[PDB]
Amino acid sequence: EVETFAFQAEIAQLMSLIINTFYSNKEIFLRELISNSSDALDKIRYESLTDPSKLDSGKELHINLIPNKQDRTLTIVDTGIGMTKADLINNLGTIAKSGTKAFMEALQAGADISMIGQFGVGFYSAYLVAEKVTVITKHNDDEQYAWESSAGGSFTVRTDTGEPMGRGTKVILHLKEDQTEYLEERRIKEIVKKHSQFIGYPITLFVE
Ligand SMILES: CCCCn1c(Cc2cc(OC)ccc2OC)nc2c(N)ncnc21
């Protein structure tokens with residue numbers, strides 16, 4: 001059973017700006033997602049120091065970038081802390097509301113879309129390049145879920161019956177027709193080198 005939810009008005013407004021503004025520097029989406037994966041990995045690492053059993057769902061702390069020309073998708077996989085149903089439906093939005101208001105204020109005043117990460121809302125930069133985003137995620141305290149949105153004001157959540165991931169998040173970017181450059185090995189390698197070369201976990205770029 002698939003449940004359908006409305007974004008909060010502020011978040012729907014941020015998603016339209018991101019979709020609608022003319023802004024050519026779209027590649028920054030990838031460092032925003034990688035950064036989000038890095039924070040989640042820091043989190044579970046930290047939490048495991050005082051509860052070693054939090055890694056029973058997998059000891060390896062890493063990021064995989066998987067392009068699939070066939071599906072036209074690029075997936076950012078992490079084995080970080082993961083997200084609960086409450087995160088997905090409620091808490092992330094609650095937190096994102098104020099980072100959105102700050103981000104929006106900054107833009108007038110002459111900030112640009114590439115600073116979105118300073119405001120804790122860089123996830124939504126996914127919509128620079130993706131027509132639809134699917135997030136598969138698994139937290140220790142909870143079940144595996146699939147979140148999805150093509151923007152338009154709503155998202156769905158369902159329990160995910162696919163391949164169990166153990167622990168972590170996969171962000172699956174269904175790319176726009178004109179953005180398949182981000183499926184190319186030399187392009188991804190270029191962007192990681194430029195914006196993500198210091199991340200403190202291994203990032204494996206899968207080949208097609
Ligand atoms: C804002 C920071 C936490 C949420 N989060 C994020 C950002 C985020 C994810 C979303 O998924 C549907 C929605 C909104 C988000 O930011 C507000 N990425 C994560 C990740 N890879 N692993 C764990 N938590 C993550």
# chains A, B, ... in the order shown; residues from 1 in each chain; ligands from 1
$ residues_near_ligand --ligand "ligand 1" --cutoff "6 Å" --atoms "only C-alpha atoms and all ligand atoms" --output "CSV table (one decimal) with N, CA and C atoms, in the first residue's frame"
chain,number,residue,atom,x,y,z
A,36,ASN,N,25.6,14.6,2.2
A,36,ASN,CA,24.5,14.1,3.0
A,36,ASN,C,24.9,12.6,3.4
A,37,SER,N,25.4,11.8,2.5
A,37,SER,CA,25.9,10.5,2.8
A,37,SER,C,27.0,10.5,3.8
A,40,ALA,N,25.6,11.1,7.4
A,40,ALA,CA,24.9,9.9,7.9
A,40,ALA,C,25.9,8.8,8.3
A,80,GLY,N,25.2,4.5,5.6
A,80,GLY,CA,25.1,5.5,6.7
A,80,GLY,C,24.0,5.1,7.6
A,81,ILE,N,23.6,6.0,8.5
A,81,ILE,CA,22.6,5.7,9.5
A,81,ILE,C,21.2,5.3,9.0
A,82,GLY,N,20.8,5.8,7.9
A,82,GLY,CA,19.5,5.5,7.3
A,82,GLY,C,18.4,6.5,7.8
A,83,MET,N,17.2,6.3,7.3
A,83,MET,CA,16.1,7.2,7.8
A,83,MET,C,14.9,6.4,8.2
A,88,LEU,N,10.9,10.5,7.1
A,88,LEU,CA,10.5,10.6,5.8
A,88,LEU,C,9.2,11.4,5.7
A,92,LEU,N,12.1,15.4,8.7
A,92,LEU,CA,12.9,16.0,7.8
A,92,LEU,C,12.3,17.3,7.2
A,96,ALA,N,13.7,20.9,7.5
A,96,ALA,CA,13.9,21.6,6.3
A,96,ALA,C,13.1,22.9,6.1
A,120,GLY,N,21.2,23.2,4.9
A,120,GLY,CA,20.7,21.9,5.3
A,120,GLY,C,19.6,21.3,4.3
A,121,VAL,N,19.4,21.9,3.1
A,121,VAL,CA,18.4,21.5,2.2
A,121,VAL,C,19.0,21.0,0.8
A,123,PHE,N,19.6,18.2,-0.3
A,123,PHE,CA,18.9,17.1,-1.0
A,123,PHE,C,18.1,17.6,-2.2
A,135,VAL,N,14.0,7.4,-3.0
A,135,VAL,CA,15.0,7.2,-2.0
A,135,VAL,C,14.7,5.9,-1.2
A,147,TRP,N,10.6,6.0,-0.5
A,147,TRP,CA,10.1,7.4,-0.7
A,147,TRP,C,10.3,7.8,-2.2
A,169,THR,N,21.1,4.3,2.8
A,169,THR,CA,20.1,5.0,1.9
A,169,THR,C,20.6,4.9,0.5
$ select_by_dssp --residues "chain A" --states "strand (DSSP E or B)" --output "ChimeraX atom specification"
/A:3-6,63-68,73-78,130-138,144-149,154-159,168-175,203-205
$ write_last_selection --atoms "C-alpha atoms" --output "compact mmCIF listing (two decimals), in the first residue's frame"
# COMPACT_ATOMS: atom_id res chain seq x y z
CA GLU A 3 0.65 6.41 1.01
CA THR A 4 0.60 9.88 -0.61
CA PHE A 5 1.60 13.04 1.26
CA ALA A 6 1.67 16.82 0.56
CA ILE A 63 29.53 5.36 -0.74
CA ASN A 64 28.79 3.80 -4.21
CA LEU A 65 27.87 5.83 -7.31
CA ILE A 66 26.05 3.56 -9.77
CA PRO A 67 25.10 4.88 -13.25
CA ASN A 68 22.72 2.85 -15.39
CA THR A 73 19.41 6.55 -13.39
CA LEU A 74 22.32 7.54 -11.21
CA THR A 75 22.22 6.11 -7.70
CA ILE A 76 24.08 7.43 -4.63
CA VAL A 77 24.33 4.57 -2.18
CA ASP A 78 25.56 4.88 1.37
CA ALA A 130 16.31 14.44 -12.00
CA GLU A 131 12.72 14.37 -13.12
CA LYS A 132 11.92 11.86 -10.35
CA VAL A 133 13.83 10.84 -7.22
CA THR A 134 13.41 7.54 -5.40
CA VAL A 135 14.98 7.15 -1.96
CA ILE A 136 15.39 3.62 -0.60
CA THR A 137 16.43 3.69 3.00
CA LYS A 138 16.87 1.48 5.97
CA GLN A 144 12.97 -0.56 4.71
CA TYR A 145 11.00 2.22 2.90
CA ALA A 146 10.73 3.63 -0.55
CA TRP A 147 10.11 7.42 -0.74
CA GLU A 148 9.44 8.97 -4.09
CA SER A 149 8.56 12.30 -5.61
CA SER A 154 3.51 15.58 -3.23
CA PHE A 155 5.55 12.50 -2.37
CA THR A 156 4.72 8.89 -1.62
CA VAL A 157 5.97 6.41 0.94
CA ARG A 158 5.51 2.64 0.91
CA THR A 159 7.22 -0.23 2.62
CA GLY A 168 21.69 2.90 4.69
CA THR A 169 20.10 5.03 1.93
CA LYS A 170 20.05 4.81 -1.83
CA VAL A 171 19.06 7.97 -3.64
CA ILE A 172 18.02 7.01 -7.15
CA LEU A 173 18.02 9.91 -9.62
CA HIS A 174 15.79 9.34 -12.67
CA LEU A 175 17.61 11.85 -14.89
CA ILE A 203 33.51 6.43 -2.89
CA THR A 204 33.41 3.70 -5.54
CA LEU A 205 32.36 4.81 -9.03
$ select_by_dssp --residues "stretch 8-175 of chain A" --states "helix (DSSP H, G or I)" --output "ChimeraX atom specification"
/A:9-20,28-49,52-55,85-107,113-119,122-128
$ closest_residue --among "A:151, A:2, A:188, A:44" --to "residue A:29" --atoms "only C-alpha atoms"
A:188
$ residues_around --residues "residue A:15" --least-positions-apart "2" --cutoff "8 Å" --atoms "only C-alpha atoms" --output "VMD selection string"
chain A and resid 11 to 13 17 to 19 124 127 151
$ closest_residue --among "A:140, A:161, A:48, A:35" --to "residue A:197" --atoms "only C-alpha atoms"
A:35
$ residues_around --residues "stretch 107-110 of chain A" --least-positions-apart "6" --cutoff "12 Å" --atoms "only C-alpha atoms" --output "ChimeraX atom specification"
/A:14,17-18,21,100-101,116,119
$ closest_residue --among "A:112, A:141, A:71, A:32" --to "residue A:54" --atoms "only C-alpha atoms"
A:141
$ atom_distance --atom1 "atom CA of residue A:27" --atom2 "atom CA of residue A:185"
13.8 Å
